[PDB]
$ cat final.txt   # compact mmCIF, C-alpha atoms and all ligand atoms
# COMPACT_ATOMS: atom_id res chain seq x y z
CA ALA A 106 7.77 1.59 22.29
CA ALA A 107 7.75 5.11 20.77
CA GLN A 108 8.02 5.84 17.01
CA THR A 109 8.87 9.61 16.70
CA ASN A 110 7.77 11.65 13.61
CA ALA A 111 5.19 8.89 12.83
CA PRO A 112 2.27 9.44 10.41
CA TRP A 113 -0.43 11.51 12.22
CA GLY A 114 -2.85 8.54 12.12
CA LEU A 115 -0.55 6.24 14.13
CA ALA A 116 0.30 9.06 16.62
CA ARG A 117 -3.44 9.81 17.01
CA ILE A 118 -4.46 6.18 17.90
CA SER A 119 -1.86 6.22 20.73
CA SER A 120 -3.16 9.62 21.94
CA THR A 121 -6.00 11.08 24.12
CA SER A 122 -5.58 14.30 22.00
CA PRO A 123 -4.73 15.46 18.44
CA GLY A 124 -1.57 17.34 17.35
CA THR A 125 1.09 14.84 18.60
CA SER A 126 3.41 13.04 16.07
CA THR A 127 4.89 10.21 18.23
CA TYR A 128 3.25 6.74 17.94
CA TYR A 129 3.37 4.83 21.28
CA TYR A 130 2.60 1.05 21.28
CA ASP A 131 3.54 -2.17 23.15
CA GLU A 132 6.75 -3.58 21.50
CA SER A 133 4.82 -6.93 21.01
CA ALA A 134 3.20 -4.92 18.10
CA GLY A 135 0.64 -7.52 16.96
CA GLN A 136 3.32 -10.32 16.67
CA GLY A 137 1.69 -13.74 16.01
CA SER A 138 -1.65 -12.17 14.88
CA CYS A 139 -2.62 -12.18 11.15
CA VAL A 140 -4.33 -9.39 9.21
CA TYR A 141 -5.91 -10.45 5.90
CA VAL A 142 -6.03 -7.37 3.64
CA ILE A 143 -8.87 -8.02 1.11
CA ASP A 144 -8.01 -5.37 -1.49
CA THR A 145 -6.05 -5.10 -4.82
CA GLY A 146 -3.24 -7.30 -3.37
CA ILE A 147 0.09 -6.41 -1.65
CA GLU A 148 3.54 -5.63 -3.08
CA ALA A 149 5.02 -8.12 -0.55
CA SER A 150 8.57 -7.15 -1.68
CA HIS A 151 8.29 -3.56 -0.22
CA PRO A 152 11.21 -3.06 2.25
CA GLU A 153 8.50 -1.78 4.68
CA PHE A 154 6.85 -5.23 5.16
CA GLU A 155 10.18 -6.84 6.24
CA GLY A 156 9.01 -10.18 4.69
CA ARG A 157 5.91 -10.32 6.95
CA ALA A 158 3.56 -9.72 3.93
CA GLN A 159 2.60 -12.36 1.31
CA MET A 160 -0.12 -12.73 -1.37
CA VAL A 161 -2.18 -15.81 -0.33
CA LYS A 162 -4.99 -15.68 -2.95
CA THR A 163 -5.98 -13.88 -6.17
CA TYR A 164 -8.99 -14.12 -8.56
CA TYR A 165 -7.01 -12.51 -11.45
CA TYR A 166 -4.05 -13.32 -13.77
CA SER A 167 -1.48 -11.86 -11.26
CA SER A 168 -1.43 -11.80 -7.40
CA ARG A 169 0.73 -8.61 -7.84
CA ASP A 170 -0.87 -5.31 -6.65
CA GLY A 171 -0.79 -3.24 -9.88
CA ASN A 172 -3.16 -0.67 -8.25
CA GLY A 173 -1.53 0.20 -4.89
CA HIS A 174 -4.67 0.59 -2.74
CA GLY A 175 -4.03 -2.84 -1.12
CA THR A 176 -0.26 -2.20 -0.61
CA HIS A 177 -1.20 1.16 1.00
CA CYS A 178 -3.90 -0.43 3.19
CA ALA A 179 -1.52 -3.32 4.13
CA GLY A 180 1.11 -0.65 4.90
CA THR A 181 -1.16 1.17 7.40
CA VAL A 182 -1.93 -2.23 8.96
CA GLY A 183 1.56 -3.72 9.52
CA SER A 184 4.33 -1.82 7.68
CA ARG A 185 7.31 -1.01 9.94
CA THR A 186 7.05 2.84 9.47
CA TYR A 187 3.33 3.29 8.69
CA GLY A 188 1.74 0.12 10.20
CA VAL A 189 -0.14 0.03 13.53
CA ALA A 190 0.81 -3.66 14.15
CA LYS A 191 4.49 -3.45 13.14
CA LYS A 192 5.08 -7.23 13.80
CA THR A 193 1.74 -8.69 12.49
CA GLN A 194 1.57 -11.09 9.50
CA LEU A 195 -0.25 -9.49 6.50
CA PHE A 196 -2.09 -11.86 4.08
CA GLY A 197 -3.03 -10.30 0.76
CA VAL A 198 -6.28 -11.44 -0.86
CA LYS A 199 -6.65 -9.77 -4.28
CA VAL A 200 -10.46 -9.46 -4.80
CA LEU A 201 -10.01 -6.12 -6.62
CA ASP A 202 -8.40 -5.77 -10.08
CA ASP A 203 -5.61 -3.18 -10.80
CA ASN A 204 -8.45 -0.68 -11.71
CA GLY A 205 -9.49 -1.07 -8.00
CA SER A 206 -12.94 -2.58 -8.88
CA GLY A 207 -14.27 -6.15 -8.34
CA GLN A 208 -17.48 -8.15 -8.96
CA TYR A 209 -19.52 -8.83 -5.75
CA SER A 210 -19.30 -12.63 -6.44
CA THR A 211 -15.45 -12.39 -6.36
CA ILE A 212 -15.32 -10.23 -3.12
CA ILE A 213 -17.71 -12.81 -1.46
CA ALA A 214 -15.39 -15.68 -2.55
CA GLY A 215 -12.48 -13.73 -1.00
CA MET A 216 -14.21 -13.20 2.38
CA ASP A 217 -15.14 -16.93 2.41
CA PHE A 218 -11.52 -17.79 1.34
CA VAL A 219 -10.20 -15.97 4.47
CA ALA A 220 -12.72 -17.70 6.81
CA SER A 221 -11.13 -21.01 5.60
CA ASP A 222 -7.53 -19.97 4.76
CA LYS A 223 -6.99 -18.82 8.43
CA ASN A 224 -7.11 -22.54 9.33
CA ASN A 225 -4.02 -22.81 7.03
CA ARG A 226 -2.12 -19.96 8.85
CA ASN A 227 -0.35 -19.61 12.23
CA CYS A 228 -2.25 -16.86 14.13
CA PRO A 229 -2.18 -18.07 17.76
CA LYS A 230 -2.99 -14.44 18.79
CA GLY A 231 -5.97 -14.28 16.39
CA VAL A 232 -7.08 -13.20 12.92
CA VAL A 233 -8.20 -9.86 11.49
CA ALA A 234 -9.60 -8.99 8.02
CA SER A 235 -9.31 -5.39 6.65
CA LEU A 236 -12.03 -4.85 3.96
CA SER A 237 -10.91 -1.40 2.74
CA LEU A 238 -13.51 -1.86 -0.10
CA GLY A 239 -17.28 -1.32 -0.46
CA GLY A 240 -20.24 -0.43 -2.72
CA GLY A 241 -24.07 -0.49 -2.90
CA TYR A 242 -26.04 -2.50 -0.29
CA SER A 243 -26.03 -6.27 -1.01
CA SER A 244 -27.38 -8.66 1.68
CA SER A 245 -25.14 -11.31 -0.01
CA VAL A 246 -21.93 -9.27 0.70
CA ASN A 247 -23.26 -8.34 4.18
CA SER A 248 -23.83 -12.08 4.87
CA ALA A 249 -20.25 -12.83 3.63
CA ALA A 250 -18.78 -10.31 6.11
CA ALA A 251 -21.05 -11.77 8.86
CA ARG A 252 -19.77 -15.32 8.00
CA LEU A 253 -16.10 -14.18 8.06
CA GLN A 254 -16.84 -12.42 11.45
CA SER A 255 -18.73 -15.51 12.79
CA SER A 256 -15.80 -17.73 11.57
CA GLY A 257 -13.57 -16.15 14.31
CA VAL A 258 -11.95 -13.30 12.32
CA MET A 259 -12.29 -9.66 13.51
CA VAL A 260 -13.65 -7.88 10.39
CA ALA A 261 -13.00 -4.16 9.87
CA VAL A 262 -14.87 -2.61 6.90
CA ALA A 263 -14.82 0.97 5.56
CA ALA A 264 -18.05 2.96 6.12
CA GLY A 265 -17.55 4.25 2.49
CA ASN A 266 -16.55 7.73 1.13
CA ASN A 267 -20.11 8.83 0.11
CA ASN A 268 -20.75 11.35 3.00
CA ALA A 269 -24.05 9.41 3.36
CA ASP A 270 -25.53 6.92 5.89
CA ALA A 271 -23.57 3.64 5.65
CA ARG A 272 -26.81 1.58 6.11
CA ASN A 273 -26.89 1.81 2.23
CA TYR A 274 -23.38 0.34 1.64
CA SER A 275 -21.97 -3.22 1.92
CA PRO A 276 -20.25 -4.67 3.75
CA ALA A 277 -20.38 -1.34 5.66
CA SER A 278 -24.12 -1.90 6.61
CA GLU A 279 -23.51 -5.42 8.07
CA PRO A 280 -24.34 -5.23 11.83
CA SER A 281 -21.89 -7.92 13.09
CA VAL A 282 -18.58 -6.44 11.65
CA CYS A 283 -16.62 -3.27 12.71
CA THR A 284 -17.77 -0.47 10.35
CA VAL A 285 -15.10 2.24 10.40
CA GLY A 286 -15.68 5.92 9.60
CA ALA A 287 -12.72 8.28 8.92
CA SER A 288 -11.38 11.28 10.91
CA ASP A 289 -8.75 13.96 9.91
CA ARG A 290 -5.73 15.24 11.98
CA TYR A 291 -7.90 18.07 13.50
CA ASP A 292 -10.27 15.36 14.91
CA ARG A 293 -13.04 16.47 12.44
CA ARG A 294 -15.02 13.68 10.71
CA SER A 295 -13.39 13.48 7.21
CA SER A 296 -15.75 15.28 4.76
CA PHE A 297 -16.06 12.09 2.64
CA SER A 298 -16.73 9.72 5.58
CA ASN A 299 -20.03 7.78 5.68
CA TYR A 300 -21.89 7.95 9.05
CA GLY A 301 -25.00 6.45 10.71
CA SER A 302 -25.93 4.19 13.61
CA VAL A 303 -24.20 1.25 11.78
CA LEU A 304 -20.69 2.80 12.31
CA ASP A 305 -18.84 1.30 15.32
CA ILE A 306 -15.68 3.49 15.40
CA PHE A 307 -13.64 6.17 13.56
CA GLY A 308 -9.99 5.85 12.51
CA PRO A 309 -7.46 8.23 10.94
CA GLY A 310 -8.73 8.52 7.30
CA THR A 311 -7.54 11.89 5.75
CA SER A 312 -3.98 12.26 4.30
CA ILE A 313 -2.82 8.82 5.61
CA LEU A 314 0.89 8.36 4.72
CA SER A 315 1.54 4.65 3.89
CA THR A 316 3.41 2.19 1.60
CA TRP A 317 2.73 2.20 -2.16
CA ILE A 318 3.74 -0.02 -5.13
CA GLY A 319 7.22 0.37 -6.71
CA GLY A 320 8.44 0.13 -3.09
CA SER A 321 7.39 3.80 -2.65
CA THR A 322 5.14 5.82 -0.24
CA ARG A 323 2.17 8.19 -0.68
CA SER A 324 -0.68 9.79 1.33
CA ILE A 325 -4.28 8.98 0.35
CA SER A 326 -7.59 9.79 2.08
CA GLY A 327 -10.65 7.52 2.55
CA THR A 328 -12.56 5.41 5.10
CA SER A 329 -10.49 2.76 3.25
CA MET A 330 -7.46 4.10 5.23
CA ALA A 331 -9.32 4.41 8.54
CA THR A 332 -10.12 0.68 8.31
CA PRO A 333 -6.51 -0.64 8.15
CA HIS A 334 -5.84 1.57 11.25
CA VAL A 335 -8.66 -0.22 13.21
CA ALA A 336 -7.77 -3.66 11.72
CA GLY A 337 -4.18 -2.93 12.75
CA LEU A 338 -5.34 -1.83 16.23
CA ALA A 339 -7.39 -5.10 16.54
CA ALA A 340 -4.23 -7.12 15.63
CA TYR A 341 -2.27 -5.11 18.28
CA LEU A 342 -5.04 -5.62 20.94
CA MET A 343 -5.51 -9.34 20.23
CA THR A 344 -1.70 -9.95 20.50
CA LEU A 345 -1.81 -8.09 23.91
CA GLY A 346 -4.55 -10.64 24.88
CA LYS A 347 -6.71 -7.53 25.53
CA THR A 348 -9.50 -8.82 23.22
CA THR A 349 -10.56 -11.67 20.86
CA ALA A 350 -11.75 -11.63 17.21
CA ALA A 351 -15.46 -11.78 18.18
CA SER A 352 -15.38 -8.87 20.71
CA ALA A 353 -12.46 -6.77 19.34
CA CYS A 354 -14.96 -4.32 17.75
CA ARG A 355 -16.81 -3.76 21.07
CA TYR A 356 -13.46 -3.59 22.97
CA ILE A 357 -12.13 -0.88 20.51
CA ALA A 358 -15.47 1.08 20.85
CA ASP A 359 -15.37 0.83 24.71
CA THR A 360 -11.68 1.96 24.88
CA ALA A 361 -12.04 4.67 22.15
CA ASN A 362 -11.53 8.45 22.64
CA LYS A 363 -15.17 9.57 23.18
CA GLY A 364 -16.81 12.87 22.09
CA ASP A 365 -13.46 14.02 20.59
CA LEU A 366 -14.57 14.38 16.93
CA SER A 367 -16.49 17.35 15.46
CA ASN A 368 -19.02 17.16 12.54
CA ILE A 369 -20.46 13.80 13.77
CA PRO A 370 -24.14 13.49 12.77
CA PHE A 371 -26.62 13.01 15.68
CA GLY A 372 -26.97 9.18 16.17
CA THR A 373 -23.52 8.28 14.81
CA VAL A 374 -20.98 7.20 17.51
CA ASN A 375 -18.32 9.85 18.46
CA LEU A 376 -15.59 7.22 19.11
CA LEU A 377 -11.97 7.46 17.85
CA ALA A 378 -9.89 4.22 17.76
CA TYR A 379 -7.35 4.39 20.64
CA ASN A 380 -4.66 1.78 21.55
CA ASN A 381 -5.02 2.96 25.20
CA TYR A 382 -1.26 2.25 25.64
CA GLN A 383 0.52 3.75 28.69
CA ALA A 384 4.35 3.85 28.22
CA CA B 401 1.60 12.86 8.31
CA CA B 402 -5.39 2.46 0.50

$ encode --input "final.txt" --output "structure tokens"
Amino acid sequence: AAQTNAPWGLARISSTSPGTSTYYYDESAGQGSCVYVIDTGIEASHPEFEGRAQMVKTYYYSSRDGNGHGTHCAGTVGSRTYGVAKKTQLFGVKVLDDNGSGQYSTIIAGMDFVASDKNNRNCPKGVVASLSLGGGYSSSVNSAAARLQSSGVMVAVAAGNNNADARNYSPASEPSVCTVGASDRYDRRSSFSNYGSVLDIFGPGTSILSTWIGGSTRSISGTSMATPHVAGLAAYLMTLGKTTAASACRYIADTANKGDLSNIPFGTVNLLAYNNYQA
């Protein structure tokens, strides 16, 4: 299946090379897999989610995404136009308030909620979690991402937008999860992207067009937008029976476009998330 004049990020993850604008992907499109977006929530009622999105848990007055971040990250995961996995189920978990911040205790509850809640959802194809959030190192948060991962959920976390080594950010520094750096359309590492041995993969991160609240659309940059891409890709690859939750990260890193990116620090992996789809 080809989606012409697709956002550059989608087009790129179906491409050996930059500069193309068609997104190629198996028409299965992550159907029957579930991506839990742990973020500010999801405007489920956005025409772009086609009913496939729902808020499953909040730690605040409203499960409504007043911020947008989560709706935008959910969009890049499984929105019809902007999503990688156009047929995946998206499960909003609002750990972040409408100011886009959240206590580490809350976030941890959210990761643990998903580990359990997946046993309450139909995901024959397998479960993904897209942690487009981060902050200072915290072994507690790291352990929570590890647990989620262990629980049989592919976890994709942002490296962080600090242009520093991601060893010093959580859950970015957790070994067991898929730490995602960000690239731009010209295959450069996004200026803001965190790096370091801990990173597993890059994903489109700069000027990522995706769904926004008030049923709208807008481009925003950040490793936070790379992550949904890779989460999405994991949902697409699990539905194709090409990988499992446990090994998805490895499988994405094996099948990635190698050496393509410029401005990658020595000892950071030069791997760009590829769907490795042949039409
Ligand atoms: Ca674009
Ligand atoms: Ca976002």

$ residues_near_ligand --input "final.txt" --ligand "ligand CA 402 (chain B)" --cutoff "10 Å" --atoms "only C-alpha atoms and all ligand atoms" --output "PDB file with C-alpha atoms, in the frame of the given file"
ATOM      1  CA  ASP A 144      -8.010  -5.370  -1.490  1.00  0.00           C
ATOM      2  CA  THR A 145      -6.050  -5.100  -4.820  1.00  0.00           C
ATOM      3  CA  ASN A 172      -3.160  -0.670  -8.250  1.00  0.00           C
ATOM      4  CA  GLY A 173      -1.530   0.200  -4.890  1.00  0.00           C
ATOM      5  CA  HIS A 174      -4.670   0.590  -2.740  1.00  0.00           C
ATOM      6  CA  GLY A 175      -4.030  -2.840  -1.120  1.00  0.00           C
ATOM      7  CA  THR A 176      -0.260  -2.200  -0.610  1.00  0.00           C
ATOM      8  CA  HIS A 177      -1.200   1.160   1.000  1.00  0.00           C
ATOM      9  CA  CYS A 178      -3.900  -0.430   3.190  1.00  0.00           C
ATOM     10  CA  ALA A 179      -1.520  -3.320   4.130  1.00  0.00           C
ATOM     11  CA  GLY A 180       1.110  -0.650   4.900  1.00  0.00           C
ATOM     12  CA  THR A 181      -1.160   1.170   7.400  1.00  0.00           C
ATOM     13  CA  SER A 237     -10.910  -1.400   2.740  1.00  0.00           C
ATOM     14  CA  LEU A 238     -13.510  -1.860  -0.100  1.00  0.00           C
ATOM     15  CA  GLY A 310      -8.730   8.520   7.300  1.00  0.00           C
ATOM     16  CA  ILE A 313      -2.820   8.820   5.610  1.00  0.00           C
ATOM     17  CA  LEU A 314       0.890   8.360   4.720  1.00  0.00           C
ATOM     18  CA  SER A 315       1.540   4.650   3.890  1.00  0.00           C
ATOM     19  CA  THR A 316       3.410   2.190   1.600  1.00  0.00           C
ATOM     20  CA  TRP A 317       2.730   2.200  -2.160  1.00  0.00           C
ATOM     21  CA  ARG A 323       2.170   8.190  -0.680  1.00  0.00           C
ATOM     22  CA  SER A 324      -0.680   9.790   1.330  1.00  0.00           C
ATOM     23  CA  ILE A 325      -4.280   8.980   0.350  1.00  0.00           C
ATOM     24  CA  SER A 326      -7.590   9.790   2.080  1.00  0.00           C
ATOM     25  CA  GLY A 327     -10.650   7.520   2.550  1.00  0.00           C
ATOM     26  CA  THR A 328     -12.560   5.410   5.100  1.00  0.00           C
ATOM     27  CA  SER A 329     -10.490   2.760   3.250  1.00  0.00           C
ATOM     28  CA  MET A 330      -7.460   4.100   5.230  1.00  0.00           C
ATOM     29  CA  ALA A 331      -9.320   4.410   8.540  1.00  0.00           C
ATOM     30  CA  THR A 332     -10.120   0.680   8.310  1.00  0.00           C
ATOM     31  CA  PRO A 333      -6.510  -0.640   8.150  1.00  0.00           C
TER      32      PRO A 333
END

$ residues_around --input "final.txt" --residues "stretch 348-360 of chain A" --least-positions-apart "3" --cutoff "6 Å" --atoms "only C-alpha atoms" --output "JSON, numbers by chain"
{"A": [257, 258, 259, 283, 306, 342, 343]}

$ closest_residue --input "final.txt" --among "A:364, A:239, A:309, A:319" --to "ligand CA 401 (chain B)" --atoms "all atoms listed in the file"
A:309

$ closest_residue --input "final.txt" --among "A:362, A:289, A:135, A:269" --to "ligand CA 401 (chain B)" --atoms "all atoms listed in the file"
A:289

$ residues_near_ligand --input "final.txt" --ligand "ligand CA 401 (chain B)" --cutoff "10 Å" --atoms "only C-alpha atoms and all ligand atoms" --output "ChimeraX atom specification"
/A:110-116,126,187,290,311-315,324

$ build_atoms --input "final.txt" --residues "stretch 265-291 of chain A" --atoms "N, CA and C atoms" --output "PDB file, keeping the file's coordinate frame"
ATOM      1  N   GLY A 265     -17.400   3.749   3.875  1.00  0.00           N
ATOM      2  CA  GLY A 265     -17.550   4.250   2.490  1.00  0.00           C
ATOM      3  C   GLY A 265     -17.278   5.746   2.448  1.00  0.00           C
ATOM      4  N   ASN A 266     -16.933   6.300   1.282  1.00  0.00           N
ATOM      5  CA  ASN A 266     -16.550   7.730   1.130  1.00  0.00           C
ATOM      6  C   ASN A 266     -17.655   8.496   0.399  1.00  0.00           C
ATOM      7  N   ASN A 267     -18.910   8.277   0.795  1.00  0.00           N
ATOM      8  CA  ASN A 267     -20.110   8.830   0.110  1.00  0.00           C
ATOM      9  C   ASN A 267     -20.708   9.996   0.904  1.00  0.00           C
ATOM     10  N   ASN A 268     -20.205  10.287   2.106  1.00  0.00           N
ATOM     11  CA  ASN A 268     -20.750  11.350   3.000  1.00  0.00           C
ATOM     12  C   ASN A 268     -22.255  11.123   3.158  1.00  0.00           C
ATOM     13  N   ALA A 269     -22.650   9.853   3.201  1.00  0.00           N
ATOM     14  CA  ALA A 269     -24.050   9.410   3.360  1.00  0.00           C
ATOM     15  C   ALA A 269     -24.130   8.382   4.481  1.00  0.00           C
ATOM     16  N   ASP A 270     -25.341   7.945   4.831  1.00  0.00           N
ATOM     17  CA  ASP A 270     -25.530   6.920   5.890  1.00  0.00           C
ATOM     18  C   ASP A 270     -25.073   5.597   5.297  1.00  0.00           C
ATOM     19  N   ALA A 271     -24.267   4.873   6.069  1.00  0.00           N
ATOM     20  CA  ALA A 271     -23.570   3.640   5.650  1.00  0.00           C
ATOM     21  C   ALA A 271     -24.508   2.428   5.700  1.00  0.00           C
ATOM     22  N   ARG A 272     -25.730   2.595   6.206  1.00  0.00           N
ATOM     23  CA  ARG A 272     -26.810   1.580   6.110  1.00  0.00           C
ATOM     24  C   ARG A 272     -26.948   1.149   4.641  1.00  0.00           C
ATOM     25  N   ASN A 273     -26.640   2.026   3.678  1.00  0.00           N
ATOM     26  CA  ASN A 273     -26.890   1.810   2.230  1.00  0.00           C
ATOM     27  C   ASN A 273     -25.636   1.312   1.506  1.00  0.00           C
ATOM     28  N   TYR A 274     -24.638   0.831   2.240  1.00  0.00           N
ATOM     29  CA  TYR A 274     -23.380   0.340   1.640  1.00  0.00           C
ATOM     30  C   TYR A 274     -23.019  -0.995   2.271  1.00  0.00           C
ATOM     31  N   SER A 275     -22.386  -1.864   1.494  1.00  0.00           N
ATOM     32  CA  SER A 275     -21.970  -3.220   1.920  1.00  0.00           C
ATOM     33  C   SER A 275     -20.485  -3.380   1.636  1.00  0.00           C
ATOM     34  N   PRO A 276     -19.719  -4.071   2.521  1.00  0.00           N
ATOM     35  CA  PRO A 276     -20.250  -4.670   3.750  1.00  0.00           C
ATOM     36  C   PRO A 276     -20.439  -3.699   4.917  1.00  0.00           C
ATOM     37  N   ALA A 277     -20.296  -2.406   4.651  1.00  0.00           N
ATOM     38  CA  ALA A 277     -20.380  -1.340   5.660  1.00  0.00           C
ATOM     39  C   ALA A 277     -21.650  -1.475   6.509  1.00  0.00           C
ATOM     40  N   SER A 278     -22.792  -1.858   5.930  1.00  0.00           N
ATOM     41  CA  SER A 278     -24.120  -1.900   6.610  1.00  0.00           C
ATOM     42  C   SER A 278     -24.300  -3.176   7.441  1.00  0.00           C
ATOM     43  N   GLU A 279     -23.402  -4.148   7.323  1.00  0.00           N
ATOM     44  CA  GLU A 279     -23.510  -5.420   8.070  1.00  0.00           C
ATOM     45  C   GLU A 279     -23.393  -5.132   9.567  1.00  0.00           C
ATOM     46  N   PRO A 280     -24.392  -5.511  10.394  1.00  0.00           N
ATOM     47  CA  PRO A 280     -24.340  -5.230  11.830  1.00  0.00           C
ATOM     48  C   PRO A 280     -23.151  -5.817  12.609  1.00  0.00           C
ATOM     49  N   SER A 281     -22.765  -7.047  12.271  1.00  0.00           N
ATOM     50  CA  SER A 281     -21.890  -7.920  13.090  1.00  0.00           C
ATOM     51  C   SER A 281     -20.401  -7.528  12.965  1.00  0.00           C
ATOM     52  N   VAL A 282     -20.009  -6.806  11.915  1.00  0.00           N
ATOM     53  CA  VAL A 282     -18.580  -6.440  11.650  1.00  0.00           C
ATOM     54  C   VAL A 282     -18.325  -5.040  12.196  1.00  0.00           C
ATOM     55  N   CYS A 283     -17.059  -4.614  12.219  1.00  0.00           N
ATOM     56  CA  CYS A 283     -16.620  -3.270  12.710  1.00  0.00           C
ATOM     57  C   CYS A 283     -16.591  -2.275  11.558  1.00  0.00           C
ATOM     58  N   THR A 284     -17.672  -1.524  11.386  1.00  0.00           N
ATOM     59  CA  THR A 284     -17.770  -0.470  10.350  1.00  0.00           C
ATOM     60  C   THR A 284     -17.005   0.752  10.825  1.00  0.00           C
ATOM     61  N   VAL A 285     -16.034   1.161  10.026  1.00  0.00           N
ATOM     62  CA  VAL A 285     -15.100   2.240  10.400  1.00  0.00           C
ATOM     63  C   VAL A 285     -15.410   3.460   9.545  1.00  0.00           C
ATOM     64  N   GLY A 286     -15.705   4.581  10.199  1.00  0.00           N
ATOM     65  CA  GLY A 286     -15.680   5.920   9.600  1.00  0.00           C
ATOM     66  C   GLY A 286     -14.269   6.473   9.650  1.00  0.00           C
ATOM     67  N   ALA A 287     -14.037   7.635   9.040  1.00  0.00           N
ATOM     68  CA  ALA A 287     -12.720   8.280   8.920  1.00  0.00           C
ATOM     69  C   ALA A 287     -12.737   9.616   9.639  1.00  0.00           C
ATOM     70  N   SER A 288     -11.645   9.944  10.321  1.00  0.00           N
ATOM     71  CA  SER A 288     -11.380  11.280  10.910  1.00  0.00           C
ATOM     72  C   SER A 288     -10.157  11.920  10.225  1.00  0.00           C
ATOM     73  N   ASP A 289      -9.963  13.236  10.381  1.00  0.00           N
ATOM     74  CA  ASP A 289      -8.750  13.960   9.910  1.00  0.00           C
ATOM     75  C   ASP A 289      -7.889  14.334  11.137  1.00  0.00           C
ATOM     76  N   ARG A 290      -6.725  14.951  10.916  1.00  0.00           N
ATOM     77  CA  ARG A 290      -5.730  15.240  11.980  1.00  0.00           C
ATOM     78  C   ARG A 290      -6.336  16.181  13.037  1.00  0.00           C
ATOM     79  N   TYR A 291      -7.257  17.058  12.628  1.00  0.00           N
ATOM     80  CA  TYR A 291      -7.900  18.070  13.500  1.00  0.00           C
ATOM     81  C   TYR A 291      -9.159  17.463  14.117  1.00  0.00           C
TER      82      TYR A 291
END
